[PDB]
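The structure file input-v2.pdb is reproduced below (PDB, C-alpha atoms and all ligand atoms).
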```pdb
ATOM      1  CA  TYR A   3      50.098 -34.485  78.744
ATOM      2  CA  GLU A   4      51.102 -37.576  80.745
ATOM      3  CA  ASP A   5      54.126 -38.200  82.962
ATOM      4  CA  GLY A   6      56.528 -40.236  80.834
ATOM      5  CA  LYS A   7      55.314 -38.850  77.484
ATOM      6  CA  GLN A   8      56.225 -35.176  76.897
ATOM      7  CA  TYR A   9      58.037 -34.923  80.248
ATOM      8  CA  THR A  10      59.221 -36.985  83.195
ATOM      9  CA  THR A  11      58.961 -36.209  86.909
ATOM     10  CA  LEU A  12      62.126 -36.266  89.008
ATOM     11  CA  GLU A  13      62.197 -38.736  91.902
ATOM     12  CA  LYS A  14      64.112 -36.330  94.163
ATOM     13  CA  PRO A  15      63.136 -32.738  93.290
ATOM     14  CA  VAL A  16      65.796 -30.027  93.446
ATOM     15  CA  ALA A  17      64.933 -27.272  95.887
ATOM     16  CA  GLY A  18      66.307 -23.884  94.970
ATOM     17  CA  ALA A  19      66.527 -24.752  91.288
ATOM     18  CA  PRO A  20      65.486 -21.882  88.987
ATOM     19  CA  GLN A  21      62.124 -21.963  87.250
ATOM     20  CA  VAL A  22      63.818 -23.014  83.979
ATOM     21  CA  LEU A  23      67.173 -24.838  84.008
ATOM     22  CA  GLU A  24      68.864 -25.784  80.714
ATOM     23  CA  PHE A  25      71.996 -27.908  80.285
ATOM     24  CA  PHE A  26      74.085 -27.949  77.120
ATOM     25  CA  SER A  27      77.535 -28.577  75.658
ATOM     26  CA  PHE A  28      79.252 -26.702  72.841
ATOM     27  CA  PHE A  29      80.183 -30.197  71.583
ATOM     28  CA  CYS A  30      76.563 -31.388  71.562
ATOM     29  CA  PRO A  31      75.053 -31.564  68.049
ATOM     30  CA  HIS A  32      71.394 -31.320  69.105
ATOM     31  CA  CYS A  33      72.406 -28.356  71.289
ATOM     32  CA  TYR A  34      73.699 -26.605  68.162
ATOM     33  CA  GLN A  35      70.305 -27.211  66.523
ATOM     34  CA  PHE A  36      68.456 -25.979  69.618
ATOM     35  CA  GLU A  37      70.515 -22.772  69.699
ATOM     36  CA  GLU A  38      71.247 -21.709  66.116
ATOM     37  CA  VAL A  39      68.468 -23.397  64.181
ATOM     38  CA  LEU A  40      65.477 -23.526  66.552
ATOM     39  CA  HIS A  41      66.286 -20.831  69.150
ATOM     40  CA  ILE A  42      64.542 -23.005  71.749
ATOM     41  CA  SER A  43      65.400 -20.906  74.810
ATOM     42  CA  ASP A  44      64.228 -17.695  73.126
ATOM     43  CA  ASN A  45      60.928 -19.232  72.012
ATOM     44  CA  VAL A  46      60.369 -20.810  75.426
ATOM     45  CA  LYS A  47      61.025 -17.416  77.065
ATOM     46  CA  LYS A  48      58.446 -15.774  74.773
ATOM     47  CA  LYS A  49      55.765 -18.207  76.029
ATOM     48  CA  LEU A  50      56.443 -17.714  79.767
ATOM     49  CA  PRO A  51      55.537 -14.649  81.854
ATOM     50  CA  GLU A  52      58.112 -11.868  81.764
ATOM     51  CA  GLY A  53      60.724 -12.021  84.509
ATOM     52  CA  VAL A  54      60.816 -15.835  84.752
ATOM     53  CA  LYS A  55      64.336 -16.914  85.652
ATOM     54  CA  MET A  56      65.961 -19.091  82.981
ATOM     55  CA  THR A  57      69.399 -20.493  83.788
ATOM     56  CA  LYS A  58      71.696 -22.276  81.325
ATOM     57  CA  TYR A  59      74.697 -24.374  82.393
ATOM     58  CA  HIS A  60      77.465 -26.131  80.446
ATOM     59  CA  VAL A  61      78.429 -29.764  81.083
ATOM     60  CA  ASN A  62      81.853 -31.406  81.160
ATOM     61  CA  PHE A  63      81.149 -34.873  79.820
ATOM     62  CA  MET A  64      81.549 -34.191  76.076
ATOM     63  CA  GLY A  65      84.625 -33.144  74.161
ATOM     64  CA  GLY A  66      87.285 -34.948  76.172
ATOM     65  CA  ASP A  67      89.845 -32.633  77.726
ATOM     66  CA  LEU A  68      88.233 -29.604  76.046
ATOM     67  CA  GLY A  69      84.902 -30.178  77.801
ATOM     68  CA  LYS A  70      86.003 -28.890  81.206
ATOM     69  CA  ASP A  71      87.689 -25.926  79.513
ATOM     70  CA  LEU A  72      84.381 -25.044  77.855
ATOM     71  CA  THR A  73      82.535 -25.326  81.185
ATOM     72  CA  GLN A  74      85.085 -22.936  82.694
ATOM     73  CA  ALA A  75      84.771 -20.637  79.681
ATOM     74  CA  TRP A  76      80.992 -20.651  80.157
ATOM     75  CA  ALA A  77      81.544 -19.718  83.802
ATOM     76  CA  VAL A  78      83.624 -16.760  82.551
ATOM     77  CA  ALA A  79      80.811 -15.791  80.161
ATOM     78  CA  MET A  80      78.324 -15.967  83.052
ATOM     79  CA  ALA A  81      80.557 -13.957  85.396
ATOM     80  CA  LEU A  82      81.187 -11.229  82.793
ATOM     81  CA  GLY A  83      77.633 -11.292  81.424
ATOM     82  CA  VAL A  84      78.797 -11.879  77.855
ATOM     83  CA  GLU A  85      76.823 -15.050  77.048
ATOM     84  CA  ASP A  86      75.086 -13.395  74.098
ATOM     85  CA  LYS A  87      78.428 -12.358  72.612
ATOM     86  CA  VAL A  88      80.216 -15.714  72.733
ATOM     87  CA  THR A  89      77.504 -18.390  72.350
ATOM     88  CA  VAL A  90      77.394 -18.344  68.550
ATOM     89  CA  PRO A  91      81.200 -18.182  67.966
ATOM     90  CA  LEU A  92      81.806 -20.967  70.491
ATOM     91  CA  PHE A  93      79.210 -23.208  68.830
ATOM     92  CA  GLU A  94      80.565 -22.412  65.364
ATOM     93  CA  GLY A  95      84.192 -22.715  66.470
ATOM     94  CA  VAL A  96      83.643 -26.207  67.881
ATOM     95  CA  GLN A  97      81.145 -27.663  65.401
ATOM     96  CA  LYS A  98      81.184 -25.657  62.158
ATOM     97  CA  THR A  99      84.771 -24.494  61.546
ATOM     98  CA  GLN A 100      86.452 -26.804  64.134
ATOM     99  CA  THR A 101      88.916 -23.999  64.906
ATOM    100  CA  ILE A 102      88.530 -24.400  68.695
ATOM    101  CA  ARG A 103      91.065 -27.034  69.779
ATOM    102  CA  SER A 104      92.650 -25.607  72.946
ATOM    103  CA  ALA A 105      92.022 -23.263  75.846
ATOM    104  CA  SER A 106      93.877 -20.582  73.889
ATOM    105  CA  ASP A 107      91.458 -20.979  70.971
ATOM    106  CA  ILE A 108      88.553 -20.517  73.395
ATOM    107  CA  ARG A 109      90.176 -17.333  74.720
ATOM    108  CA  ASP A 110      90.575 -16.046  71.144
ATOM    109  CA  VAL A 111      86.769 -16.136  70.779
ATOM    110  CA  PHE A 112      86.355 -13.849  73.772
ATOM    111  CA  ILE A 113      89.135 -11.535  72.543
ATOM    112  CA  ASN A 114      87.508 -11.328  69.098
ATOM    113  CA  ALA A 115      84.205 -10.555  70.819
ATOM    114  CA  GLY A 116      85.744  -7.509  72.548
ATOM    115  CA  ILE A 117      86.517  -8.877  76.019
ATOM    116  CA  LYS A 118      89.845  -7.398  77.141
ATOM    117  CA  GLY A 119      92.658  -9.902  77.555
ATOM    118  CA  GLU A 120      93.397  -8.910  81.136
ATOM    119  CA  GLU A 121      89.767  -9.194  82.168
ATOM    120  CA  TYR A 122      89.319 -12.607  80.536
ATOM    121  CA  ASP A 123      92.470 -13.922  82.220
ATOM    122  CA  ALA A 124      91.510 -12.430  85.591
ATOM    123  CA  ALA A 125      88.053 -14.017  85.356
ATOM    124  CA  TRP A 126      89.406 -17.361  84.114
ATOM    125  CA  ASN A 127      91.640 -17.650  87.173
ATOM    126  CA  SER A 128      89.187 -16.225  89.704
ATOM    127  CA  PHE A 129      87.631 -18.069  92.622
ATOM    128  CA  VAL A 130      84.253 -16.653  91.593
ATOM    129  CA  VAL A 131      84.644 -18.624  88.351
ATOM    130  CA  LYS A 132      85.874 -21.703  90.234
ATOM    131  CA  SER A 133      82.646 -21.501  92.220
ATOM    132  CA  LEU A 134      80.565 -21.104  89.062
ATOM    133  CA  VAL A 135      82.219 -24.226  87.633
ATOM    134  CA  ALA A 136      81.346 -26.130  90.809
ATOM    135  CA  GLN A 137      77.767 -24.782  90.690
ATOM    136  CA  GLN A 138      77.279 -26.045  87.139
ATOM    137  CA  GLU A 139      78.660 -29.448  88.096
ATOM    138  CA  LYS A 140      76.544 -29.699  91.235
ATOM    139  CA  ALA A 141      73.387 -28.815  89.332
ATOM    140  CA  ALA A 142      74.038 -31.615  86.850
ATOM    141  CA  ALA A 143      74.771 -34.007  89.708
ATOM    142  CA  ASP A 144      71.548 -32.983  91.456
ATOM    143  CA  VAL A 145      69.512 -34.302  88.501
ATOM    144  CA  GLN A 146      71.851 -37.247  87.700
ATOM    145  CA  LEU A 147      72.283 -35.761  84.240
ATOM    146  CA  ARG A 148      73.063 -38.343  81.534
ATOM    147  CA  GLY A 149      72.859 -36.308  78.328
ATOM    148  CA  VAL A 150      72.301 -32.924  76.717
ATOM    149  CA  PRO A 151      70.371 -30.913  75.693
ATOM    150  CA  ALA A 152      68.228 -31.062  78.815
ATOM    151  CA  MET A 153      65.671 -28.720  80.358
ATOM    152  CA  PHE A 154      64.176 -28.894  83.851
ATOM    153  CA  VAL A 155      61.148 -26.947  85.115
ATOM    154  CA  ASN A 156      60.796 -25.871  88.782
ATOM    155  CA  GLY A 157      63.371 -28.505  89.747
ATOM    156  CA  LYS A 158      60.667 -31.141  89.357
ATOM    157  CA  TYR A 159      60.094 -32.039  85.686
ATOM    158  CA  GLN A 160      62.404 -32.946  82.819
ATOM    159  CA  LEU A 161      61.416 -32.180  79.217
ATOM    160  CA  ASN A 162      61.193 -35.177  76.838
ATOM    161  CA  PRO A 163      61.700 -33.923  73.249
ATOM    162  CA  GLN A 164      62.001 -37.498  71.906
ATOM    163  CA  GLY A 165      58.214 -37.719  72.021
ATOM    164  CA  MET A 166      57.580 -34.568  69.970
ATOM    165  CA  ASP A 167      56.772 -34.014  66.284
ATOM    166  CA  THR A 168      59.964 -33.570  64.245
ATOM    167  CA  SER A 169      58.363 -33.458  60.790
ATOM    168  CA  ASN A 170      57.802 -29.698  61.137
ATOM    169  CA  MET A 171      60.299 -27.576  63.096
ATOM    170  CA  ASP A 172      57.768 -24.882  64.010
ATOM    171  CA  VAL A 173      55.446 -27.581  65.383
ATOM    172  CA  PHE A 174      58.356 -29.004  67.398
ATOM    173  CA  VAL A 175      59.295 -25.626  68.873
ATOM    174  CA  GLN A 176      55.668 -24.814  69.718
ATOM    175  CA  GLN A 177      55.154 -28.266  71.267
ATOM    176  CA  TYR A 178      58.349 -27.821  73.305
ATOM    177  CA  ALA A 179      57.478 -24.313  74.478
ATOM    178  CA  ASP A 180      53.854 -25.195  75.284
ATOM    179  CA  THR A 181      55.082 -28.116  77.378
ATOM    180  CA  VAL A 182      57.381 -25.834  79.374
ATOM    181  CA  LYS A 183      54.468 -23.416  79.887
ATOM    182  CA  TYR A 184      52.224 -26.266  81.049
ATOM    183  CA  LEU A 185      54.834 -27.557  83.494
ATOM    184  CA  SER A 186      55.640 -24.114  84.868
ATOM    185  CA  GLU A 187      51.971 -23.607  85.740
ATOM    186  CA  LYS A 188      51.766 -27.018  87.443
TER     187      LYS A 188
HETATM  188  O1  LIG B   1      84.239 -36.461  76.735
HETATM  189  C1  LIG B   1      83.977 -37.011  77.805
HETATM  190  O2  LIG B   1      83.400 -38.184  77.879
HETATM  191  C2  LIG B   1      84.267 -36.366  79.124
HETATM  192  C3  LIG B   1      84.898 -35.103  79.348
HETATM  193  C4  LIG B   1      84.908 -34.888  80.702
HETATM  194  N1  LIG B   1      84.323 -35.952  81.338
HETATM  195  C5  LIG B   1      83.934 -36.854  80.380
HETATM  196  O1  LIG B   2      71.133 -27.914  91.774
HETATM  197  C1  LIG B   2      70.815 -26.840  92.464
HETATM  198  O2  LIG B   2      70.634 -26.844  93.680
HETATM  199  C2  LIG B   2      70.689 -25.584  91.661
HETATM  200  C3  LIG B   2      70.593 -25.468  90.249
HETATM  201  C4  LIG B   2      70.551 -24.131  89.954
HETATM  202  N1  LIG B   2      70.603 -23.404  91.112
HETATM  203  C5  LIG B   2      70.685 -24.288  92.152
HETATM  204  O1  LIG B   3      66.477 -29.131  65.272
HETATM  205  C1  LIG B   3      66.151 -29.459  64.051
HETATM  206  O2  LIG B   3      66.894 -29.287  63.083
HETATM  207  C2  LIG B   3      64.783 -30.057  63.908
HETATM  208  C3  LIG B   3      63.684 -29.938  64.812
HETATM  209  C4  LIG B   3      62.625 -30.605  64.254
HETATM  210  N1  LIG B   3      63.012 -31.142  63.050
HETATM  211  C5  LIG B   3      64.321 -30.810  62.842
END
```
Let's see the structure in the file written out as structure tokens.
Ligand SMILES: O=C(O)c1cc[nH]c1
Ligand SMILES: O=C(O)c1cc[nH]c1
Ligand SMILES: O=C(O)c1cc[nH]c1
Amino acid sequence: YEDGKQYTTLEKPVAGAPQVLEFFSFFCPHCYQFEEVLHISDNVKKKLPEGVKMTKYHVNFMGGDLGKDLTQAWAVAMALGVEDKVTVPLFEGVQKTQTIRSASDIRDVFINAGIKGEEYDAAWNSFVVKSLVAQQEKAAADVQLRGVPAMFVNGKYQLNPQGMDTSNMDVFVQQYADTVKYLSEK
């Protein structure tokens, strides 16, 4: 492990950042791999002590006009606690079936997942969700985020997957998770 190889150190650390902070977009192809194919967050969580706070935020800067809608939809998922019900259908709707083309199509995913229409609409329009949208945007600004996927540890270190072994996916996931473990103990 060397700064600049498996990870980089932030010039201005982020106080108050969670222990593990992930950024993603439902438009981001590597993010689809990280979620559906590799299950990176799950395998990272398995290698950390129990109780460690992992936070995951959506970013606006992919998908054109639909990118902000997805960040707001993710805020709704966070406010309602339904992330594990909508993550897969949102990824598949955007990237696999390409059936998500509008805010209404996003809402359909939540309706199909069992979220009542009135509660989705109330959350979508709530100031709590407006604040969650702002929080996601501020977090990305705090790290001058330029691309996704991205993971930050203790507000101080950024993961660098470009330097990891991609010839074997299990080796990649274990290298990624071990690096997060190393950084979290730093
Ligand atoms: O797709 C884009 O580049 C984008 C969306 C919101 N801001 C930038
Ligand atoms: O950028 C911040 O300050 C932050 C990120 C997650 N919670 C707080
Ligand atoms: O995310 C993938 O598909 C992957 C990771 C290592 N090699 C391929």
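For the structure shown here, the set of residues caught by the PyMOL selection byres (((chain A and resi 28-43) around 7) and not hetatm) is residues 26, 27, 44, 45, 46, 47, 64, 65, 92, 93, 96, 97, 150, 151 and 175 of chain A.
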I need the chosen residues saved as an mmCIF file, in the coordinates of the input, with C-alpha atoms.
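Saved to out_26.cif:
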```
data_model
loop_
_atom_site.group_PDB
_atom_site.id
_atom_site.type_symbol
_atom_site.label_atom_id
_atom_site.label_comp_id
_atom_site.auth_asym_id
_atom_site.auth_seq_id
_atom_site.Cartn_x
_atom_site.Cartn_y
_atom_site.Cartn_z
ATOM 1 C CA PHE A 26 74.085 -27.949 77.120
ATOM 2 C CA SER A 27 77.535 -28.577 75.658
ATOM 3 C CA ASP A 44 64.228 -17.695 73.126
ATOM 4 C CA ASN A 45 60.928 -19.232 72.012
ATOM 5 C CA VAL A 46 60.369 -20.810 75.426
ATOM 6 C CA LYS A 47 61.025 -17.416 77.065
ATOM 7 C CA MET A 64 81.549 -34.191 76.076
ATOM 8 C CA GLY A 65 84.625 -33.144 74.161
ATOM 9 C CA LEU A 92 81.806 -20.967 70.491
ATOM 10 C CA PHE A 93 79.210 -23.208 68.830
ATOM 11 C CA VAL A 96 83.643 -26.207 67.881
ATOM 12 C CA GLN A 97 81.145 -27.663 65.401
ATOM 13 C CA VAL A 150 72.301 -32.924 76.717
ATOM 14 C CA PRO A 151 70.371 -30.913 75.693
ATOM 15 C CA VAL A 175 59.295 -25.626 68.873
#
```
Exercise for the section: Do a neighbour search on residue A:71 at 9 Å with all atoms listed in the file, toss out local chain neighbours closer than 5 positions, and write the hits as an NGL selection string. Expected result: :A and (62 or 76 or 104-105 or 108)
Exercise for the section: Using only C-alpha atoms, pick whichever of A:7, A:103, A:48, A:55 has the shortest atom-to-atom distance to residue A:69. Expected result: A:103
Let me have all residues with an atom within 12 Å of ligand LIG 2 (chain B), counting all atoms listed in the file, laid out as a CSV table (one decimal) with C-alpha atoms, keeping the file's coordinate frame.
```csv
chain,number,residue,atom,x,y,z
A,14,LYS,CA,64.1,-36.3,94.2
A,15,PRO,CA,63.1,-32.7,93.3
A,16,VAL,CA,65.8,-30.0,93.4
A,17,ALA,CA,64.9,-27.3,95.9
A,18,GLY,CA,66.3,-23.9,95.0
A,19,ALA,CA,66.5,-24.8,91.3
A,20,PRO,CA,65.5,-21.9,89.0
A,21,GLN,CA,62.1,-22.0,87.2
A,22,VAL,CA,63.8,-23.0,84.0
A,23,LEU,CA,67.2,-24.8,84.0
A,24,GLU,CA,68.9,-25.8,80.7
A,25,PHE,CA,72.0,-27.9,80.3
A,55,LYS,CA,64.3,-16.9,85.7
A,56,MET,CA,66.0,-19.1,83.0
A,57,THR,CA,69.4,-20.5,83.8
A,58,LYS,CA,71.7,-22.3,81.3
A,59,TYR,CA,74.7,-24.4,82.4
A,60,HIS,CA,77.5,-26.1,80.4
A,134,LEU,CA,80.6,-21.1,89.1
A,135,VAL,CA,82.2,-24.2,87.6
A,136,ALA,CA,81.3,-26.1,90.8
A,137,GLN,CA,77.8,-24.8,90.7
A,138,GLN,CA,77.3,-26.0,87.1
A,139,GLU,CA,78.7,-29.4,88.1
A,140,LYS,CA,76.5,-29.7,91.2
A,141,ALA,CA,73.4,-28.8,89.3
A,142,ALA,CA,74.0,-31.6,86.8
A,143,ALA,CA,74.8,-34.0,89.7
A,144,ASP,CA,71.5,-33.0,91.5
A,145,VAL,CA,69.5,-34.3,88.5
A,146,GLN,CA,71.9,-37.2,87.7
A,147,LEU,CA,72.3,-35.8,84.2
A,153,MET,CA,65.7,-28.7,80.4
A,154,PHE,CA,64.2,-28.9,83.9
A,155,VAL,CA,61.1,-26.9,85.1
A,156,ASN,CA,60.8,-25.9,88.8
A,157,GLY,CA,63.4,-28.5,89.7
A,158,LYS,CA,60.7,-31.1,89.4
```
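Note that the spacing between atom CA of residue A:12 and atom CA of residue A:160 amounts to 7.0 Å.
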Exercise for the section: Take atom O2 of ligand LIG 1 (chain B) and atom CA of residue A:66 and report the distance between them in Å, one decimal. Expected result: 5.3 Å
Box in all listed atoms of ligand LIG 1 (chain B), axis-aligned, with 8 Å more on each side; write out centre and edge lengths in Å to one decimal as lines of an AutoDock Vina configuration file.
```
center_x = 84.2
center_y = -36.5
center_z = 79.0
size_x = 17.5
size_y = 19.3
size_z = 20.6
```
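Taking atom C4 of ligand LIG 3 (chain B) and atom CA of residue A:184 as the two end points, the separation is 20.2 Å.
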Exercise for the section: Any chance you could resolve the PyMOL selection byres (((chain A and resi 112-124) around 9) and not hetatm) against this file and give the residues as a VMD selection string? Expected result: chain A and resid 78 to 79 82 84 87 to 88 91 108 to 111 125 to 128
Atom completion result for stretch 163-186 of chain A (N, CA and C atoms) as an mmCIF file, keeping the file's coordinate frame:
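Saved result, rebuild_4.cif, follows:
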```
data_model
loop_
_atom_site.group_PDB
_atom_site.id
_atom_site.type_symbol
_atom_site.label_atom_id
_atom_site.label_comp_id
_atom_site.auth_asym_id
_atom_site.auth_seq_id
_atom_site.Cartn_x
_atom_site.Cartn_y
_atom_site.Cartn_z
ATOM 1 N N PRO A 163 61.903 -34.253 74.672
ATOM 2 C CA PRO A 163 61.700 -33.923 73.249
ATOM 3 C C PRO A 163 61.600 -35.136 72.331
ATOM 4 N N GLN A 164 62.081 -36.310 72.753
ATOM 5 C CA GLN A 164 62.001 -37.498 71.906
ATOM 6 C C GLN A 164 60.563 -37.865 71.553
ATOM 7 N N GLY A 165 59.593 -37.446 72.350
ATOM 8 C CA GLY A 165 58.214 -37.719 72.021
ATOM 9 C C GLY A 165 57.506 -36.641 71.225
ATOM 10 N N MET A 166 58.226 -35.679 70.654
ATOM 11 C CA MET A 166 57.580 -34.568 69.970
ATOM 12 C C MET A 166 57.697 -34.708 68.452
ATOM 13 N N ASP A 167 56.846 -33.963 67.747
ATOM 14 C CA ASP A 167 56.772 -34.014 66.284
ATOM 15 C C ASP A 167 57.994 -33.352 65.668
ATOM 16 N N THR A 168 58.789 -34.117 64.911
ATOM 17 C CA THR A 168 59.964 -33.570 64.245
ATOM 18 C C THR A 168 59.772 -33.385 62.746
ATOM 19 N N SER A 169 58.567 -33.614 62.225
ATOM 20 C CA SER A 169 58.363 -33.458 60.790
ATOM 21 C C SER A 169 58.279 -31.990 60.407
ATOM 22 N N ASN A 170 57.898 -31.134 61.351
ATOM 23 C CA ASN A 170 57.802 -29.698 61.137
ATOM 24 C C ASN A 170 58.508 -28.997 62.292
ATOM 25 N N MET A 171 59.523 -28.163 61.998
ATOM 26 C CA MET A 171 60.299 -27.576 63.096
ATOM 27 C C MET A 171 59.491 -26.573 63.903
ATOM 28 N N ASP A 172 58.595 -25.826 63.260
ATOM 29 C CA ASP A 172 57.768 -24.882 64.010
ATOM 30 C C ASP A 172 56.830 -25.616 64.958
ATOM 31 N N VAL A 173 56.283 -26.755 64.514
ATOM 32 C CA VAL A 173 55.446 -27.581 65.383
ATOM 33 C C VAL A 173 56.251 -28.107 66.566
ATOM 34 N N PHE A 174 57.488 -28.543 66.316
ATOM 35 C CA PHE A 174 58.356 -29.004 67.398
ATOM 36 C C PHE A 174 58.589 -27.909 68.428
ATOM 37 N N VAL A 175 58.983 -26.718 67.961
ATOM 38 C CA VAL A 175 59.295 -25.626 68.873
ATOM 39 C C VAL A 175 58.053 -25.231 69.669
ATOM 40 N N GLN A 176 56.892 -25.176 69.013
ATOM 41 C CA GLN A 176 55.668 -24.814 69.718
ATOM 42 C C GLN A 176 55.256 -25.906 70.706
ATOM 43 N N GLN A 177 55.435 -27.181 70.338
ATOM 44 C CA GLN A 177 55.154 -28.266 71.267
ATOM 45 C C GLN A 177 56.085 -28.208 72.474
ATOM 46 N N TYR A 178 57.370 -27.938 72.226
ATOM 47 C CA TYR A 178 58.349 -27.821 73.305
ATOM 48 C C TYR A 178 58.002 -26.673 74.239
ATOM 49 N N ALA A 179 57.766 -25.489 73.669
ATOM 50 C CA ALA A 179 57.478 -24.313 74.478
ATOM 51 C C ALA A 179 56.169 -24.460 75.244
ATOM 52 N N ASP A 180 55.125 -24.996 74.598
ATOM 53 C CA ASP A 180 53.854 -25.195 75.284
ATOM 54 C C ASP A 180 53.993 -26.170 76.436
ATOM 55 N N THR A 181 54.861 -27.176 76.289
ATOM 56 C CA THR A 181 55.082 -28.116 77.378
ATOM 57 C C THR A 181 55.759 -27.433 78.557
ATOM 58 N N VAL A 182 56.743 -26.569 78.284
ATOM 59 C CA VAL A 182 57.381 -25.834 79.374
ATOM 60 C C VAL A 182 56.356 -24.953 80.081
ATOM 61 N N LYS A 183 55.520 -24.253 79.303
ATOM 62 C CA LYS A 183 54.468 -23.416 79.887
ATOM 63 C C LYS A 183 53.535 -24.236 80.773
ATOM 64 N N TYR A 184 53.085 -25.387 80.271
ATOM 65 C CA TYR A 184 52.224 -26.266 81.049
ATOM 66 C C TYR A 184 52.891 -26.667 82.360
ATOM 67 N N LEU A 185 54.147 -27.105 82.287
ATOM 68 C CA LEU A 185 54.834 -27.557 83.494
ATOM 69 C C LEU A 185 55.052 -26.419 84.477
ATOM 70 N N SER A 186 55.346 -25.224 83.971
ATOM 71 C CA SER A 186 55.640 -24.114 84.868
ATOM 72 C C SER A 186 54.403 -23.684 85.632
#
```
